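Let's start with one chain on its own, the form deposited in one PDB entry, as structure tokens.
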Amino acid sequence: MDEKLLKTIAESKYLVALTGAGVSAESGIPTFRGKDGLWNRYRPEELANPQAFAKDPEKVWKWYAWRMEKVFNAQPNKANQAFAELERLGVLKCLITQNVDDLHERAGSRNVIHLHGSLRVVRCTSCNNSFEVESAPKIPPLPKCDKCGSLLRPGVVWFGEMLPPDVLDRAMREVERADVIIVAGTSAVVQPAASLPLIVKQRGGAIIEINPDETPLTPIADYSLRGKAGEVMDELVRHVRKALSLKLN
């Protein structure tokens, strides 16, 4: 929270952000890793991969329907509001997220890229039918496609699956032109998402990491703020808004 940091953000020409589960934590949604992380209680090998889904689609669907209900009923937090505001001010150009929740959207964020899909989306395992839901389905019975009758599945990316090419490519273009990237609430271990901030640095840009813990990205982060996204982003955006308002124009 020094002058240089504020300056780096306020004067940026193309600032982007990469967010992870930590940015939704203050909305009552647990993260995947860490203390009370979902992967520390539930096994990703049974709930986050095509093999597990094929083996027991009812169990996987029951788990996702539960997660969907949790997310749809949660409200965006201060971190979410701050990111939307930073975009409103014209500073944040694009928000790249690994989150499958829609808290960024409900806070007002517009240019959001969902690298790993979205819990709002349901798609067919056979044909190209896909659509969004307003609330979570009840399981059983297994959600079936109204077009061909095959099993439907959550529109999220599982381990071993390829992120949609057009989606990752868009994110790639964003980080290739960003001079500053805010990396908040992510453990920086899951690929290829974890590689995006490196692009910014390699091309000459700056990395501003926001996370209560240190991660594999910390060593190359120009700035690494040890705190919660809500508190840090709220203060950061407020100072940036103040700085911009002070400009003689």
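Residue numbers run from 1 along the displayed sequence.
- Look at the C-alpha B-factors of 142-150 and of 81-89. On average they run higher in 142-150.
- The deposited model assigns a higher average Cα B-factor to 38-46 than to the other stretch when 210-218 and 38-46 are compared.
- Between the residues 194, 68, 52, 180, it is 52 that shows the highest Cα B-factor in the PDB record.
- Compared with the other modelled residues of the chain, the Cα B-factor recorded for residue 160 ranks in the middle third.
- For residue 102, the recorded CA B-factor ranks within the lowest third of the chain. Only modelled residues enter the ranking.
- Among all modelled residues in its chain, residue 227 ranks in the highest third by Cα B-factor.
- Ranked by C-alpha B-factor against the other modelled residues of its chain, residue 134 falls in the lowest third.
- In the deposited entry, the Cα temperature factor of residue 185 sits in the bottom third of values across the chain's modelled residues.
Unshown form deposited with a partner chain bound; subsequent notes refer to it.
- Using a 4.5 angstroms heavy atom cutoff to its partner chain in the entry with it bound, all of 157, 163 and 190 count as contacting.
- Interface residue among 45, 213, 36, 56 relative to its partner chain in the entry with it bound, by the heavy atom within 4.5 Å criterion: 45.
- With the partner omitted here, the residue from 136, 151, 168, 139 that has a non-hydrogen atom within 4.5 angstroms of its partner chain in the entry with it bound is 168.
- Note that among 192-200, 218-226, 205-213, 177-185, the stretch whose heavy atoms approach its partner chain to within 4.5 Å in the entry with it bound is 192-200.
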